[PDB]
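Have a look at the structure below before the remarks.
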Amino acid sequence: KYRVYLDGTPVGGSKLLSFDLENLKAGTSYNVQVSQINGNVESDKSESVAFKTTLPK
Amino acid sequence: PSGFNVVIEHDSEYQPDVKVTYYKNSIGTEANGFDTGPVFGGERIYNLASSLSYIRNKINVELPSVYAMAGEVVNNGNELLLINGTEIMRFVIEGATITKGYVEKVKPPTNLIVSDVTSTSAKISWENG
Amino acid sequence: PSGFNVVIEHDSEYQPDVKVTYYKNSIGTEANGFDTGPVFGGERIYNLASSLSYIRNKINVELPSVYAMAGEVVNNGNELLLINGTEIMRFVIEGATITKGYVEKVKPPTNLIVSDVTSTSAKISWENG
Amino acid sequence: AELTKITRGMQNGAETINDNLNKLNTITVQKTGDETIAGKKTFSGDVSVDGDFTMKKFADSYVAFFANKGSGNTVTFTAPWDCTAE
């Protein structure tokens, strides 16, 4: 029911209202936006949200 | 949600302006056939206040939720018409040609929250439009 | 107070029009450098509803308090840009040249009341903007 | 050629870049294909034409004939351009 775009490219999706972004690199900024799927009818992409992975010790 | 949204797809690589009007019983929408209405040609024309936002080739015309209506969509290229019986909501584009137009049914997700963020991962959660 | 106010100083002896838009990740505002954003060229462009008022050479662009943002002010003469990281609020003037532009920090007084009025005097009281 | 300035934070960056690239592509003289070039073109250095060289009014512009009609013994003339006489 949803398509998850990390930095403009799709990385997966879900039936649920949550998704786990994996294989990211430490201390880097990212942007994520989600769209809704309804049988080959895709909504416009959502407003982007920005986050940054933590740095390891 | 935010309102009633009408999507206008066009051929410009830019941000065309849209002007919204509303009117009842214009020619061809009268219930009992041509010229059976109370004011031949159409009753009071109201200018509808819209909030416009743009992506490449797609204008999103956000109107107050109170104007929300069903109806047939007619694309005349220069203008789009949302015809519901006797009622018409007219959208006039400037500087482009209307390719396709429709009431936004599949709406974009909303409250994007990044949680459980580590060096290698994060969890993205949202709410349906 | 009333809202978020952006002042645009110009060279016209008249009342130039101003059109406000908002957009994220336009070229040069991406966090990780050129073309590192999710939508090259810029995400959704929103038209911002403004309430304009004028004095000689100074336009006051009143925007809803919810849009209030910090940021660097860039004056390109034809347009003013309020750049805050990834976010841009664009102000396009019509019929004049932008001389200087800035978020109104020193704001005019408000509730002017004339009290204790006699034949030779009066007391003027007000409230900070 | 008037190109529209590409600035940081500009609203239609992608569209203006495309436009400027398209302007340059259609106004420039290129190293390939058949073309028509307007304007006075002054070449500082050497020029070589391996193909067919077409010239408008070569005769009048590079050759000149001067002779005395009434006597035929003494020809007096003003040299139109630096040359070689026969």
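If you're wondering about the labels, chains in the structure tokens are A, B, ... by order shown, residues count from 1 in each chain, ligands from 1 in order shown.
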
Output as a PyMOL selection string the set of chain B residues within 12 Å of chain A, with distances taken over only C-alpha atoms.
chain B and resi 7+9+53-60+104-129

Contacts of chain B with chain D up to 10 Å, shortest pair per row, only C-alpha atoms, as a tab-separated table:
```
residue	atom	partner	partner_atom	distance
B:13	CA	D:15	CA	6.6
B:14	CA	D:12	CA	7.3
B:15	CA	D:12	CA	9.3
B:56	CA	D:15	CA	10.0
```

For the strand (DSSP E or B) assignment from backbone DSSP, which residues of segment 66-101 of chain B qualify? Please present them as a list in words.
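Selection result, strand (DSSP E or B) within segment 66-101 of chain B: residues 72, 73, 74, 75, 79, 80, 81, 82, 83, 84, 87, 88, 89, 90, 91, 92, 93, 94, 98, 99, 100 and 101 of chain B.
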
Quick one: residues within 12 Å of segment 41-45 of chain B, only C-alpha atoms counted, chain neighbours fewer than 4 positions away excluded, as a ChimeraX atom specification?
/B:20-30,34-37,86-90

Report as a list in words all protein, DNA and RNA residues lying within 8 Å of residue 68 of chain B, evaluated on only C-alpha atoms, omitting residues in the same chain fewer than 3 positions from it.
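Residues near the query, excluding close chain neighbours: residues 3, 4, 63, 64 and 65 of chain B.
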
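For the set C:75, C:5, C:50, C:84, the residue with the smallest atom-to-atom gap to chain B is C:50, counting only C-alpha atoms.
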
Just how far from atom CA of residue 82 of chain B is atom CA of residue 67 of chain B, in Å to one decimal?
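Going from atom CA of residue 67 of chain B over to atom CA of residue 82 of chain B covers 11.5 Å.
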
Pairwise distance, atom CA of residue 79 of chain D with atom CA of residue 54 of chain D, equals 25.8 Å

In Å to one decimal, how far is atom CA of residue 72 of chain B from atom CA of residue 47 of chain C?
27.6 Å
